[PDB]
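Just below is one structure, and these are the notes that go with it.
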Amino acid sequence: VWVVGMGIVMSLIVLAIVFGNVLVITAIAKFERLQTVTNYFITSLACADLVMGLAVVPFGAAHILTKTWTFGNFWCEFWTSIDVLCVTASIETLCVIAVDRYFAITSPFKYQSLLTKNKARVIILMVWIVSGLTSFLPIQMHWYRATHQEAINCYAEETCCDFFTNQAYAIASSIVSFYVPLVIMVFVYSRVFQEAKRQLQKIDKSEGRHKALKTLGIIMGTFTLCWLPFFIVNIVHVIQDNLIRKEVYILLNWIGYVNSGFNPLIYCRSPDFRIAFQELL
Ligand SMILES: CN[C@@H]1CCc2c(ccc(O)c2O)[C@H]1O
């Protein structure tokens with residue numbers, strides 16, 4: 001009776017993920033006003049989320065719901081590669097938009113000539129290139145396989161799909177995909193909050209005839225509680241401890257998919273963008 005029960009949630013998530021990006025892509029495509037410099041980064045994030053939801057979520061849900069994998073193992077390598085690539089692309093896009101906000105707040109005069117529409121495209125292309133390289137190159141060249149005789153049959157056989165990684169690769173991947181964006185975002189947001197507090201104090205100096213924290217409170221919090229634990233797990237099993245189980249690993253990886261799906265809708269709200277949605281509907 002649980003098979004039908006778990007199917008409903010997966011189907012709802014799959015239906016919602018694509019609709020949460022088609023609307024934004026279509027609205028930003030055919031509206032002149034919504035076009036801006038940060039709009040390119042927003043579209044990059046939305047397209048990455050759409051690709052993730054259209055590619056990895058349905059097949060992964062089919063694998064989880066079914067007893068055993070259906071087709072051959074030839075496509076599995078870049079299935080996993082696309083998964084890791086989209087995750088890295090989303091994380092790095094959030095890091096770069098945070099850096100953009102930091103540059104916007106601190107130096108107003110330089111921002112006019114520092115960033116240009118022509119120069120902005122280079123950053124997105126470079127980050128896509130580096131994420132795609134660090135995703136495809138290790139996965140496809142079979143540099144991530146392990147030597148332990150356990151599950152080597154699963155790697156050899158074309159009927160089961162389990163994720164097994166070497167000690168070295170996991171740590172480097174976690175460091176290059178999670179920790180650096182986290183520290184950069186934390187530092188830049190601390191600086192932004194300090195600037196906002198200073199401005200509020202200056203305004204209060206001449207008055208009499210912190211709400212903004214809430215605006216920050218979500219934008220980082222939903223990132224932490226939804227992505228901090230998994231990578232913390234993604235290292236410990238490399239250590240000699242056998243504490244975690246496969247089901248827990250699968251569930252913590254799964255939660256990240258829902259987090260990535262829900263991120264862009266919460267991230268981008270504006271009266272102009274709201275009326276942009278309104279006109280299309
Ligand atoms: C099988 N799922 C994978 C397993 C490990 C992993 C993921 C995503 C980004 C990474 O940097 C990873 O090391 C997960 O999506």
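How things are named: the first chain in the structure tokens is A, the next is B, and so on; residues count from 1 in each chain; ligands count from 1 in the order shown.
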>> Could you list, as a ChimeraX atom specification, every residue within 12 Å of residue A:117, counting only C-alpha atoms and ignoring same-chain residues fewer than 2 positions away?
In response: /A:35-41,112-115,119-124
Mind dumping the selected residues with N, CA and C atoms as a compact mmCIF listing (two decimals), in the first residue's frame?
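Now in again.txt:
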# COMPACT_ATOMS: atom_id res chain seq x y z
N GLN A 35 14.05 42.69 -18.14
CA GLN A 35 15.43 42.43 -18.53
C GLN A 35 16.38 43.37 -17.78
N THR A 36 17.40 42.79 -17.16
CA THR A 36 18.40 43.56 -16.43
C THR A 36 19.66 42.70 -16.29
N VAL A 37 20.68 43.27 -15.65
CA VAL A 37 21.96 42.57 -15.55
C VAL A 37 21.85 41.34 -14.66
N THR A 38 21.18 41.46 -13.51
CA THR A 38 20.98 40.31 -12.64
C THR A 38 19.98 39.32 -13.23
N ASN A 39 19.19 39.76 -14.21
CA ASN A 39 18.24 38.85 -14.85
C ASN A 39 18.94 37.71 -15.56
N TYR A 40 20.14 37.96 -16.11
CA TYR A 40 20.89 36.88 -16.75
C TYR A 40 21.26 35.80 -15.74
N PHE A 41 21.73 36.19 -14.56
CA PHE A 41 22.04 35.21 -13.52
C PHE A 41 20.78 34.49 -13.05
N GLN A 112 28.64 51.44 -11.82
CA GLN A 112 28.12 51.87 -13.11
C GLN A 112 29.02 51.40 -14.25
N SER A 113 30.34 51.50 -14.07
CA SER A 113 31.29 51.13 -15.11
C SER A 113 32.04 49.83 -14.84
N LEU A 114 31.94 49.28 -13.63
CA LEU A 114 32.64 48.04 -13.34
C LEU A 114 32.01 46.86 -14.07
N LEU A 115 30.69 46.76 -14.03
CA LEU A 115 29.96 45.64 -14.61
C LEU A 115 29.20 46.11 -15.84
N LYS A 119 30.36 42.18 -20.41
CA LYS A 119 31.31 41.53 -19.51
C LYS A 119 30.62 40.55 -18.57
N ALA A 120 29.33 40.75 -18.30
CA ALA A 120 28.63 39.87 -17.36
C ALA A 120 28.50 38.45 -17.90
N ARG A 121 28.32 38.30 -19.21
CA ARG A 121 28.12 36.98 -19.79
C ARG A 121 29.33 36.07 -19.58
N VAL A 122 30.52 36.66 -19.47
CA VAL A 122 31.74 35.86 -19.35
C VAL A 122 31.72 35.04 -18.07
N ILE A 123 31.22 35.62 -16.98
CA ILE A 123 31.23 34.93 -15.69
C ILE A 123 30.37 33.67 -15.75
N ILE A 124 29.17 33.78 -16.32
CA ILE A 124 28.27 32.64 -16.39
C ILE A 124 28.86 31.54 -17.26
>> Taking 4 positions as the minimum chain separation for residues in the same chain, which residues sit within 12 Å of residue A:247 when counting only C-alpha atoms? Answer as a list in words.
In response: residues 64, 162, 251, 252, 253 and 254 of chain A
Write to file, as a PDB file, in the first residue's frame, the residues of the selection just made, with N, CA, C and O atoms.
ATOM      1  N   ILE A  64      13.994   4.699  -7.449  1.00  0.00           N
ATOM      2  CA  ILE A  64      13.651   4.481  -6.047  1.00  0.00           C
ATOM      3  C   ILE A  64      12.355   3.688  -5.928  1.00  0.00           C
ATOM      4  O   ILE A  64      12.257   2.749  -5.130  1.00  0.00           O
ATOM      5  N   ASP A 162      24.358   1.855  -7.843  1.00  0.00           N
ATOM      6  CA  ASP A 162      24.720   2.351  -6.525  1.00  0.00           C
ATOM      7  C   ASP A 162      25.898   3.307  -6.653  1.00  0.00           C
ATOM      8  O   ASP A 162      26.758   3.145  -7.522  1.00  0.00           O
ATOM      9  N   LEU A 251      17.871   9.605   1.449  1.00  0.00           N
ATOM     10  CA  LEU A 251      16.893  10.606   1.869  1.00  0.00           C
ATOM     11  C   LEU A 251      17.518  11.995   1.961  1.00  0.00           C
ATOM     12  O   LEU A 251      16.910  12.987   1.533  1.00  0.00           O
ATOM     13  N   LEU A 252      18.723  12.092   2.528  1.00  0.00           N
ATOM     14  CA  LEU A 252      19.383  13.391   2.610  1.00  0.00           C
ATOM     15  C   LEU A 252      19.762  13.925   1.235  1.00  0.00           C
ATOM     16  O   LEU A 252      19.709  15.139   1.015  1.00  0.00           O
ATOM     17  N   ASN A 253      20.144  13.052   0.299  1.00  0.00           N
ATOM     18  CA  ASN A 253      20.356  13.521  -1.068  1.00  0.00           C
ATOM     19  C   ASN A 253      19.048  13.978  -1.703  1.00  0.00           C
ATOM     20  O   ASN A 253      19.024  14.955  -2.460  1.00  0.00           O
ATOM     21  N   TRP A 254      17.952  13.277  -1.407  1.00  0.00           N
ATOM     22  CA  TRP A 254      16.659  13.608  -1.993  1.00  0.00           C
ATOM     23  C   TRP A 254      16.167  14.969  -1.521  1.00  0.00           C
ATOM     24  O   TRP A 254      15.576  15.725  -2.301  1.00  0.00           O
TER      25      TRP A 254
END
> With only C-alpha atoms and all ligand atoms as the basis for distance, which of A:271, A:264, A:108, A:60 is at the shortest distance from ligand 1?
Replying inline: A:60
> Neighbours of stretch 140-148 of chain A within 6 Å (only C-alpha atoms; same-chain residues fewer than 2 positions away dropped), as a ChimeraX atom specification?
Replying inline: /A:136-138,150,165-166
>> Hey, which residues sit close to ligand 1? Say within 8 Å, counting only C-alpha atoms and all ligand atoms, and write them as an NGL selection string.
In response: :A and (80 or 83-85 or 87-88 or 162-163 or 170 or 173-174 or 177-178 or 231 or 234 or 253)
>> I want to know what sits within 12 Å of residue A:263, based on only C-alpha atoms, with residues of the same chain fewer than 4 positions away left out; could you give that as a ChimeraX atom specification?
In response: /A:17,20-21,42,45-46,48-50,90-91,94,218-224,226-227,256-259,267-269
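Ranking A:98, A:16, A:154, A:52 by their shortest atom-to-atom distance to residue A:183, with only C-alpha atoms included, puts A:98 first.
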>> To test your reading of the structure, identify every residue in stretch 9-224 of chain A that backbone DSSP assigns to alpha helix (DSSP H), and report it as JSON, numbers by chain.
In response: {"A": [9, 10, 11, 12, 13, 14, 15, 16, 17, 18, 19, 20, 21, 22, 23, 24, 25, 26, 27, 28, 29, 37, 38, 39, 40, 41, 42, 43, 44, 45, 46, 47, 48, 49, 50, 51, 52, 53, 54, 55, 56, 57, 58, 59, 60, 61, 62, 63, 64, 65, 76, 77, 78, 79, 80, 81, 82, 83, 84, 85, 86, 87, 88, 89, 90, 91, 92, 93, 94, 95, 96, 97, 98, 99, 100, 101, 102, 103, 104, 105, 106, 108, 109, 110, 111, 112, 113, 114, 117, 118, 119, 120, 121, 122, 123, 124, 125, 126, 127, 128, 129, 130, 131, 132, 133, 134, 135, 136, 137, 138, 139, 140, 152, 153, 154, 155, 156, 167, 168, 169, 170, 171, 172, 173, 174, 180, 181, 182, 183, 184, 185, 186, 187, 188, 189, 190, 191, 192, 193, 194, 195, 196, 197, 198, 199, 200, 201, 202, 203, 204, 205, 212, 213, 214, 215, 216, 217, 218, 219, 220, 221, 222, 223, 224]}
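Comparing A:240, A:164, A:278, A:28 by their smallest distance to residue A:149, the closest is A:164 (using only C-alpha atoms).
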>> I'd like the neighbourhood of stretch 192-207 of chain A as a ChimeraX atom specification, where a residue qualifies if any of its atoms comes within 8 Å (using only C-alpha atoms), though same-chain residues fewer than 5 positions away should be ignored.
In response: /A:102,105-106,213
> Do you have the atom CA of residue A:277-atom CA of residue A:189 distance handy?
Replying inline: 29.1 Å
>> Taking only C-alpha atoms into account, name the residue in A:225, A:188, A:176, A:230 that is nearest to residue A:100.
In response: A:188
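You will find atom CA of residue A:63 at 8.6 Å from atom CA of residue A:161.
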> If you count only C-alpha atoms, which residues fall within 12 Å of residue A:66, apart from same-chain ones fewer than 5 positions away, as a ChimeraX atom specification?
Replying inline: /A:3-4,6-7,58-61,160
Can you write just those residues out, N, CA and C atoms, as a PDB file, in the first residue's frame?
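Dumped to selection08.pdb:
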ATOM      1  N   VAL A   3       3.447   1.712  -1.947  1.00  0.00           N
ATOM      2  CA  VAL A   3       3.917   2.028  -3.293  1.00  0.00           C
ATOM      3  C   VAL A   3       3.098   3.161  -3.893  1.00  0.00           C
ATOM      4  N   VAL A   4       1.774   3.088  -3.763  1.00  0.00           N
ATOM      5  CA  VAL A   4       0.925   4.173  -4.244  1.00  0.00           C
ATOM      6  C   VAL A   4       1.146   5.429  -3.413  1.00  0.00           C
ATOM      7  N   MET A   6       3.920   6.588  -1.818  1.00  0.00           N
ATOM      8  CA  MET A   6       5.133   7.316  -2.172  1.00  0.00           C
ATOM      9  C   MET A   6       5.090   7.852  -3.597  1.00  0.00           C
ATOM     10  N   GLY A   7       4.291   7.240  -4.473  1.00  0.00           N
ATOM     11  CA  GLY A   7       4.214   7.711  -5.847  1.00  0.00           C
ATOM     12  C   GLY A   7       3.580   9.084  -5.971  1.00  0.00           C
ATOM     13  N   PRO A  58      12.912  12.693 -12.328  1.00  0.00           N
ATOM     14  CA  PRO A  58      12.015  11.602 -12.755  1.00  0.00           C
ATOM     15  C   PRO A  58      12.687  10.241 -12.786  1.00  0.00           C
ATOM     16  N   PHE A  59      13.880  10.145 -13.374  1.00  0.00           N
ATOM     17  CA  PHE A  59      14.560   8.855 -13.446  1.00  0.00           C
ATOM     18  C   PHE A  59      14.970   8.365 -12.064  1.00  0.00           C
ATOM     19  N   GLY A  60      15.435   9.271 -11.201  1.00  0.00           N
ATOM     20  CA  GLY A  60      15.765   8.874  -9.842  1.00  0.00           C
ATOM     21  C   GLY A  60      14.554   8.385  -9.070  1.00  0.00           C
ATOM     22  N   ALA A  61      13.417   9.062  -9.237  1.00  0.00           N
ATOM     23  CA  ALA A  61      12.189   8.620  -8.587  1.00  0.00           C
ATOM     24  C   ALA A  61      11.744   7.267  -9.120  1.00  0.00           C
ATOM     25  N   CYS A 160      22.152  -2.822 -11.667  1.00  0.00           N
ATOM     26  CA  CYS A 160      21.994  -2.076 -10.428  1.00  0.00           C
ATOM     27  C   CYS A 160      22.829  -0.805 -10.475  1.00  0.00           C
TER      28      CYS A 160
END
